[PDB]
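Trainee: To be precise about what I am sending: the file is called entry_1.tsv and holds TSV, C-alpha atoms.
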```tsv
chain	number	residue	atom	x	y	z
A	1	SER	CA	7.47	37.38	-4.70
A	2	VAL	CA	7.63	34.72	-1.99
A	3	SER	CA	9.96	36.90	0.09
A	4	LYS	CA	7.14	39.43	0.70
A	5	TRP	CA	4.42	36.84	1.35
A	6	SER	CA	2.51	37.34	4.56
A	7	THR	CA	2.01	34.68	7.18
A	8	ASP	CA	-1.51	34.07	5.83
A	9	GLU	CA	-0.14	33.81	2.29
A	10	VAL	CA	2.35	31.09	3.24
A	11	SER	CA	-0.24	29.08	5.15
A	12	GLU	CA	-2.66	29.33	2.21
A	13	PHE	CA	0.08	28.23	-0.18
A	14	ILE	CA	1.01	25.22	1.96
A	15	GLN	CA	-2.64	24.14	2.04
A	16	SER	CA	-2.63	24.35	-1.76
A	17	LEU	CA	0.02	21.63	-2.04
A	18	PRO	CA	-1.33	18.08	-2.56
A	19	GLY	CA	-1.74	16.24	0.72
A	20	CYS	CA	-0.64	19.26	2.77
A	21	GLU	CA	-3.97	20.82	3.79
A	22	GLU	CA	-3.51	19.94	7.49
A	23	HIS	CA	-0.26	21.91	7.71
A	24	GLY	CA	-1.60	25.42	7.12
A	25	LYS	CA	-2.17	25.89	10.84
A	26	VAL	CA	1.30	24.93	12.09
A	27	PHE	CA	2.96	27.30	9.63
A	28	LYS	CA	0.63	30.10	10.69
A	29	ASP	CA	1.14	29.24	14.37
A	30	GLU	CA	4.94	29.44	14.00
A	31	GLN	CA	4.68	32.82	12.20
A	32	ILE	CA	6.29	31.54	8.99
A	33	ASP	CA	5.94	34.50	6.65
A	34	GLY	CA	7.49	34.38	3.18
A	35	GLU	CA	10.85	35.66	4.37
A	36	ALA	CA	11.09	32.92	7.02
A	37	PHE	CA	9.66	30.35	4.59
A	38	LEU	CA	12.66	30.77	2.25
A	39	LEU	CA	15.10	30.22	5.15
A	40	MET	CA	13.62	26.87	6.20
A	41	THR	CA	15.58	23.64	5.91
A	42	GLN	CA	14.15	20.16	5.47
A	43	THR	CA	15.10	19.29	9.06
A	44	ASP	CA	13.22	22.41	10.20
A	45	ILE	CA	10.09	21.04	8.49
A	46	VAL	CA	10.48	17.39	9.51
A	47	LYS	CA	11.77	17.75	13.06
A	48	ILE	CA	10.80	21.18	14.37
A	49	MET	CA	7.39	21.34	12.68
A	50	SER	CA	6.74	17.59	13.13
A	51	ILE	CA	5.73	17.06	9.49
A	52	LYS	CA	6.02	13.67	7.80
A	53	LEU	CA	8.60	13.13	5.06
A	54	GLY	CA	6.09	13.05	2.22
A	55	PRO	CA	4.54	16.47	2.79
A	56	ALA	CA	7.89	17.77	4.02
A	57	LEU	CA	9.45	16.87	0.67
A	58	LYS	CA	6.77	18.74	-1.28
A	59	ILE	CA	7.11	21.78	0.98
A	60	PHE	CA	10.89	21.82	0.91
A	61	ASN	CA	11.04	21.31	-2.86
A	62	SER	CA	8.76	24.33	-3.22
A	63	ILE	CA	11.14	26.39	-1.03
A	64	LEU	CA	14.06	25.31	-3.23
A	65	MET	CA	12.25	26.28	-6.43
A	66	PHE	CA	11.20	29.65	-5.04
A	67	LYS	CA	14.76	30.42	-3.91
A	68	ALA	CA	16.02	29.35	-7.35
A	69	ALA	CA	13.67	31.94	-8.88
A	70	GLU	CA	15.44	34.81	-7.09
```
In structure tokens, how does this file's structure come out?

Mentor:
Amino acid sequence: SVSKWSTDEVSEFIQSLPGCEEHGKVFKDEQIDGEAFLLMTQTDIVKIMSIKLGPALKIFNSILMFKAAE
């Protein structure tokens, strides 16, 4: 599941979200593997990763759904 995703697997997933293709690199650069991905907050995405609210909302909502699947 998401918790075992590699750093490449998270970056690929983020690029698969609509309007989020540009953000694969920053996630890979910050070494966001699946375990770290599920710990992220919205503020982490918006402020620390410098991602706009639109794509941040799609990313964060995905985190929330994947955590809810555990």

Trainee: Just give me the gap between atom CA of residue A:19 and atom CA of residue A:54 in Å, one decimal is fine.

Mentor: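 Going from atom CA of residue A:19 over to atom CA of residue A:54, I get 8.6 Å.
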
Trainee: Within 6 Å of (9.0, 18.6, 5.0) (file coordinates; all atoms listed in the file), which protein or nucleic acid residues are there? I'd like them as an mmCIF file with C-alpha atoms, keeping the file's coordinate frame.

Mentor:
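Produced file selection.cif, reproduced below:
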```cif
data_model
loop_
_atom_site.group_PDB
_atom_site.id
_atom_site.type_symbol
_atom_site.label_atom_id
_atom_site.label_comp_id
_atom_site.auth_asym_id
_atom_site.auth_seq_id
_atom_site.Cartn_x
_atom_site.Cartn_y
_atom_site.Cartn_z
ATOM 1 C CA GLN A 42 14.150 20.160 5.470
ATOM 2 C CA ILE A 45 10.090 21.040 8.490
ATOM 3 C CA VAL A 46 10.480 17.390 9.510
ATOM 4 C CA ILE A 51 5.730 17.060 9.490
ATOM 5 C CA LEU A 53 8.600 13.130 5.060
ATOM 6 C CA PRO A 55 4.540 16.470 2.790
ATOM 7 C CA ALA A 56 7.890 17.770 4.020
ATOM 8 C CA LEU A 57 9.450 16.870 0.670
ATOM 9 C CA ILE A 59 7.110 21.780 0.980
ATOM 10 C CA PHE A 60 10.890 21.820 0.910
#
```

Trainee: Would you pick out the contacts of residue A:35 at 8 Å or less, using all atoms listed in the file, so that residues sharing its chain but fewer than 5 positions from it are not included, and give the list as a ChimeraX atom specification?

Mentor: /A:2-5

Trainee: The selected residues should be written to file as a PDB file, keeping the file's coordinate frame (atoms: C-alpha atoms).

Mentor:
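The resulting file, out24.pdb, is reproduced below:
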```pdb
ATOM      1  CA  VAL A   2       7.630  34.720  -1.990  1.00  0.00           C
ATOM      2  CA  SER A   3       9.960  36.900   0.090  1.00  0.00           C
ATOM      3  CA  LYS A   4       7.140  39.430   0.700  1.00  0.00           C
ATOM      4  CA  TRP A   5       4.420  36.840   1.350  1.00  0.00           C
TER       5      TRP A   5
END
```

Trainee: Using all atoms listed in the file, determine which residues lie at most 12 Å from residue A:1, disregarding the query and same-chain residues fewer than 4 positions distant; provide the list as a ChimeraX atom specification.

Mentor: /A:5-6,9-10,33-35,37-38,66-67,69-70

Trainee: Please report the interatomic distance between atom CA of residue A:22 and atom CA of residue A:50 in Å with one decimal.

Mentor: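 That distance, rounded to one decimal, is 11.9 Å.
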
Trainee: With a distance cut-off of 6 Å and all atoms listed in the file, select the neighbouring residues of residue A:15, excluding the residue or stretch itself and same-chain residues fewer than 4 positions from it, and output the selection as a ChimeraX atom specification.

Mentor: /A:20-21,24

Trainee: Of the candidates A:11, A:17, A:63, A:68, which shows the shortest atom-to-atom distance to residue A:32, using all atoms listed in the file?

Mentor: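 Result for the nearest residue to residue A:32: A:11.
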
Trainee: Could you jot down the atom CA of residue A:36 to atom CA of residue A:65 separation for me, Å, one decimal place?

Mentor: 15.0 Å

Trainee: Kindly add N, CA and C atoms to the incomplete stretch 18-46 of chain A and provide the output as a compact mmCIF listing (two decimals), in the coordinates of the input.

Mentor:
```txt
# COMPACT_ATOMS: atom_id res chain seq x y z
N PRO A 18 -0.60 19.35 -2.72
CA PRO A 18 -1.33 18.08 -2.56
C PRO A 18 -0.95 17.36 -1.27
N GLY A 19 -1.97 16.96 -0.51
CA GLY A 19 -1.74 16.24 0.72
C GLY A 19 -1.25 17.08 1.88
N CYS A 20 -1.22 18.40 1.74
CA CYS A 20 -0.64 19.26 2.77
C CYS A 20 -1.65 20.16 3.46
N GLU A 21 -2.94 19.93 3.24
CA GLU A 21 -3.97 20.82 3.79
C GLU A 21 -3.88 20.96 5.31
N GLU A 22 -3.52 19.89 6.03
CA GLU A 22 -3.51 19.94 7.49
C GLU A 22 -2.42 20.85 8.05
N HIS A 23 -1.45 21.24 7.24
CA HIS A 23 -0.26 21.91 7.71
C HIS A 23 -0.35 23.43 7.64
N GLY A 24 -1.43 23.98 7.09
CA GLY A 24 -1.60 25.42 7.12
C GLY A 24 -1.49 26.00 8.51
N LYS A 25 -2.07 25.32 9.50
CA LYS A 25 -2.17 25.89 10.84
C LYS A 25 -0.80 25.99 11.50
N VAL A 26 0.01 24.93 11.41
CA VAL A 26 1.30 24.93 12.09
C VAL A 26 2.21 26.00 11.52
N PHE A 27 2.17 26.21 10.20
CA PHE A 27 2.96 27.30 9.63
C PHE A 27 2.48 28.65 10.12
N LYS A 28 1.17 28.85 10.17
CA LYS A 28 0.63 30.10 10.69
C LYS A 28 0.99 30.27 12.16
N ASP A 29 0.84 29.19 12.94
CA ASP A 29 1.14 29.24 14.37
C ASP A 29 2.59 29.63 14.63
N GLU A 30 3.52 29.13 13.82
CA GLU A 30 4.94 29.44 14.00
C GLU A 30 5.36 30.74 13.32
N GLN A 31 4.40 31.51 12.81
CA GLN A 31 4.68 32.82 12.20
C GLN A 31 5.67 32.71 11.04
N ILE A 32 5.48 31.69 10.20
CA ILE A 32 6.29 31.54 8.99
C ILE A 32 5.71 32.48 7.93
N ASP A 33 6.27 33.68 7.81
CA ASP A 33 5.94 34.50 6.65
C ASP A 33 6.84 34.07 5.49
N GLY A 34 6.72 34.77 4.36
CA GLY A 34 7.49 34.38 3.18
C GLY A 34 8.98 34.47 3.40
N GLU A 35 9.43 35.52 4.09
CA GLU A 35 10.85 35.66 4.37
C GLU A 35 11.37 34.48 5.19
N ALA A 36 10.66 34.08 6.24
CA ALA A 36 11.09 32.92 7.02
C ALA A 36 10.95 31.64 6.22
N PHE A 37 9.91 31.55 5.38
CA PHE A 37 9.66 30.35 4.59
C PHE A 37 10.88 30.00 3.74
N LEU A 38 11.52 31.00 3.13
CA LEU A 38 12.66 30.77 2.25
C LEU A 38 13.94 30.44 3.01
N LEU A 39 13.95 30.60 4.33
CA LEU A 39 15.10 30.22 5.15
C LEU A 39 14.99 28.81 5.71
N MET A 40 13.85 28.15 5.54
CA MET A 40 13.62 26.87 6.20
C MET A 40 14.46 25.77 5.57
N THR A 41 14.96 24.86 6.40
CA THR A 41 15.58 23.64 5.91
C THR A 41 14.59 22.49 5.98
N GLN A 42 14.98 21.36 5.39
CA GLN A 42 14.15 20.16 5.47
C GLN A 42 14.03 19.69 6.91
N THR A 43 15.14 19.70 7.65
CA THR A 43 15.10 19.29 9.06
C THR A 43 14.18 20.20 9.87
N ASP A 44 14.18 21.50 9.57
CA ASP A 44 13.22 22.41 10.20
C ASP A 44 11.80 21.88 10.03
N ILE A 45 11.45 21.49 8.80
CA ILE A 45 10.09 21.04 8.49
C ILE A 45 9.81 19.69 9.15
N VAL A 46 10.74 18.75 9.03
CA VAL A 46 10.48 17.39 9.51
C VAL A 46 10.50 17.34 11.03
```
